[PDB]
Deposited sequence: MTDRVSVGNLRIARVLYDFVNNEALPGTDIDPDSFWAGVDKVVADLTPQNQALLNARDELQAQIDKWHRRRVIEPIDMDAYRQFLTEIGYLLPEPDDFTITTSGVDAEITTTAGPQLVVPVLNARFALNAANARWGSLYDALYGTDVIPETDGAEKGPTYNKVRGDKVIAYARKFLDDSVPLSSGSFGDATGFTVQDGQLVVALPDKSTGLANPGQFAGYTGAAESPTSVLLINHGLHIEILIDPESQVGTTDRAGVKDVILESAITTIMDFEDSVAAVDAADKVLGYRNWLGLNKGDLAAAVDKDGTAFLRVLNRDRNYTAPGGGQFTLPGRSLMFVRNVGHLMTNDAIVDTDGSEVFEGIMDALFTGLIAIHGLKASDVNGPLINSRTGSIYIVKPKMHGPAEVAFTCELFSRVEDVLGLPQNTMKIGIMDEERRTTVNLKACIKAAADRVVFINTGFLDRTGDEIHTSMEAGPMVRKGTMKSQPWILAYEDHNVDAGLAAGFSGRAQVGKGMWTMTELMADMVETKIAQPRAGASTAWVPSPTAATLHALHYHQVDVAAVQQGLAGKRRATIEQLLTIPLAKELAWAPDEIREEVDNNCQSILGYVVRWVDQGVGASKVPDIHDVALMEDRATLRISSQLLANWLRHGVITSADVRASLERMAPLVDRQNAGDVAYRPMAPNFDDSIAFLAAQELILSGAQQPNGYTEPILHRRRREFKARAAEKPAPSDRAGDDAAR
């Protein structure tokens, strides 16, 4: 019909044309050979892909039955452990080893700093994310609640000097704490100059140098009256901008205009849980943005050039202006009708993403005609985050998929590197083996704690009612999971070789709380962690200036801080855990978050949205937070905590409020009062009522079906 025949495959024409006219030119890959390879790789690897998914279902069925045949309230951990080993869930731990991944860029092997994740289908957001390698600290402090909006310090239509002076003082303390002077405080500086290759800071009664002059990295403008001074601390750059005639500079004792922080060191361009892509048209929209980013010519606003500096001694150098880009492919579960076979069966989407995003990534290995030939990877790697894997065999399948794609693309073996999400229970408890199976490709491990919480609930669905969603974040199993991840990475030699990463801060407006609390992640040895915005990347960067992550990792070496038993502690709620009002709060909490996210997913194809929780906190929602919410309500329904009328009432209670939050979005179609005429409302209900029967609690089967249903109704 609208499809192209290649071997056993029938490729949607819009995808075929995109690859041929846009992605292949410039790669020197013969098109006929590429498409033949697509057919061959799909033909060869689809059977094992399916067997792996069938094995998940078989393991879950056995675990479900294990719980159903037992009465004893305290789970006998010795028996449970023996059972998981019996059925092949818990595998033997391999001998100690060190990863051998080579050809990785310094932003990954060495630098500790924030990692930003952004939906690749939004070109404006993706551009801003790539440019977020540098960000204004003054803008992040002035614009967020990190500076409280106390009396006199509020934001207004125009600049509030009381507030600005607080921003200035906050940043002076940061400089004092990060790049200390030999004597005195940056707060009292009157000027900066460069003399004999040394930074000299003028104070009211004297001048001083840096306590550690090696932290002076360079400057711009004349040495005797610079326009900026560049410092480095824990491998991250700080730039003091000097302009006494600027709007902020005129108020500053040294004429300082701003403090620029190296912020988003790396960025993950997401094809997975933060985007809605259910057919070839949606996939091409995302592939084309990924292509623009790797060619440097994406424009919505354009991509930044590298930054030019004068060295202390007076030579010239440059620093990268863009964040180093990963791409998050989808995982092993879903198919997509962008390609179907001769039976009409859809092709696995993860296989397609490896082929198409790897092809497109070749452009990021060569000079771009649109900015000073910036190469995403100078060392020659393609960085793919692979989510939602369950255990070492699934990691091995990813490595073999990448190997076969490298052959189709004519790339050297192991060009395609893997950032492993540790976000499913069966990977958590076999993590050493998972790393070993990717020992020559792995570039990070990351605790995707929200997916991991959803898997936790689904895996033990039959055991009993789980604690409330907010309680999960502090349960024994998750704290052990976080420490176990760091322990495994460090023991595999990640320090100096690969990132050890932690999860996303989702409260996009609570930046004071983020700055107060997220420091725990670098303090735990994580060399990176996820932020939702360029502004949050700049603010999270502060933590890497306060915490010497490299020293932390060095002091953690050899420690074994989590046992298998701690990892397997199921978050079952205690008897009589909740009052009636607390149960209704949690139902309303989850139903509002589900509805607010799903309505924009199904009706507008938006895969990540800010949705208020029960306490009015704006939360960046994506599929993982939806997985938790729907699995938790499904678990409470499964065990008699709530009735199906409680669920219906809550969904109908919260639905008009969600309509109110989205009012007038032109393309907004209200759910109330005719709930069962709304495909989005029905999707939300189905996610809860079918949640116990979704494989590992994944939300994509229902979301994809319902989004496609919406698109089909709109077309007629």
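Gaps without C-alpha coordinates occur at 1, 302 to 311, 728 to 741, with positions taken along the deposited sequence from 1.
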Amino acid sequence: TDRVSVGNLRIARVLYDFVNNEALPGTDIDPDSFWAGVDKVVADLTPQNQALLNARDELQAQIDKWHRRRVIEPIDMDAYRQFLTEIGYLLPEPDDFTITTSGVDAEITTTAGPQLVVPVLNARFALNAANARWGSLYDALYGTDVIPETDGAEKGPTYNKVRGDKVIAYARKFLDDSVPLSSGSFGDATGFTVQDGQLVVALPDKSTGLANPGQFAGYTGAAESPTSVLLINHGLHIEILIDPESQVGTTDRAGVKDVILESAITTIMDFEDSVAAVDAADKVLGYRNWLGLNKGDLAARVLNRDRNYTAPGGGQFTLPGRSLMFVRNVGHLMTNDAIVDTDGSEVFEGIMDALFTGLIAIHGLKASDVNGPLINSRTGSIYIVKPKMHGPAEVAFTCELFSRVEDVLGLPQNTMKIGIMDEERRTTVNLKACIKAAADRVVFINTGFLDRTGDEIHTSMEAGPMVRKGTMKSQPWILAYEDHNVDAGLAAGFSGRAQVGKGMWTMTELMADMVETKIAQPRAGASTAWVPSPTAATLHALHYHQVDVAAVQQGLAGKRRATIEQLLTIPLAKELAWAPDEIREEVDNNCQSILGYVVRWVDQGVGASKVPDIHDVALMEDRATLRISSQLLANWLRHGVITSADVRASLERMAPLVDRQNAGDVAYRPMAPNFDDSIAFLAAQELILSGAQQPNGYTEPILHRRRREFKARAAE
From here on, numbers count along this sequence of modelled residues.
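Not even a third of the other compared entries skip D64; each one keeps it along with the residues on either side.
In the other compared entries of this protein that model both flanking residues, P670 has coordinates in every one, well short of a third left out. Across the two stretches, 181 to 189 and 348 to 356, the PDB entry reports the greater mean Cα temperature factor for 181 to 189. Per the PDB record, of the two stretches 29 to 37 and 58 to 66, 29 to 37 carries the greater mean B-factor over its C-alpha atoms. Within the group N304, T427, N446, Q631, the record's highest C-alpha temperature factor is found at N304. For the set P213, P114, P571, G391, the PDB entry assigns the largest Cα B-factor to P213. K436 sits in the middle third of its chain by CA B factor, as recorded in the PDB entry.
Sort the chain's modelled residues by C-alpha temperature factor and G501 lands in the lowest third, per the entry.
In the deposited entry, the Cα temperature factor of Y80 places it in the highest third of its chain's modelled residues. Ranked by Cα temperature factor within the chain, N21 sits in the highest third according to the deposited record. Ranked by Cα temperature factor within the chain, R404 sits in the middle third according to the deposited record.
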